[PDB]
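Numbering (this note's numbering), first residue to last: 2 to 60.
Cβ coordinates follow ideal geometry from the N, Cα and C atoms, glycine included.
Single-structure report; data block below.
Written out as structure tokens, the structure is:
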């Protein structure tokens, strides 16, 4: 099934297409790369968008 990750920090998701979340939220990964320097794509509590990979820890 899809990868999931725990948010290590808040992210305000302030630009278009971003996913906002809070520390401790469980993010469903829609698509990721193999790198911590990239922008990954996720979903949490009914919204979706992009966020910095290093803000989460894949479970």
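- Between residue 8 and residue 33, the CB-CB gap reaches or exceeds 8 Å.
- Classified as buried, residue 6 has 16 or more neighbouring CB atoms from the shown chains inside 10 Å of its CB.
- Note that the C-beta distance between residue 47 and residue 20 is not below 8 Å.
- When the beta-carbon positions are compared, residue 30 and residue 13 stay at least 8 Å from each other.
- A direct Cα-to-Cα measurement between residue 60 and residue 11 gives close to 18 Å.
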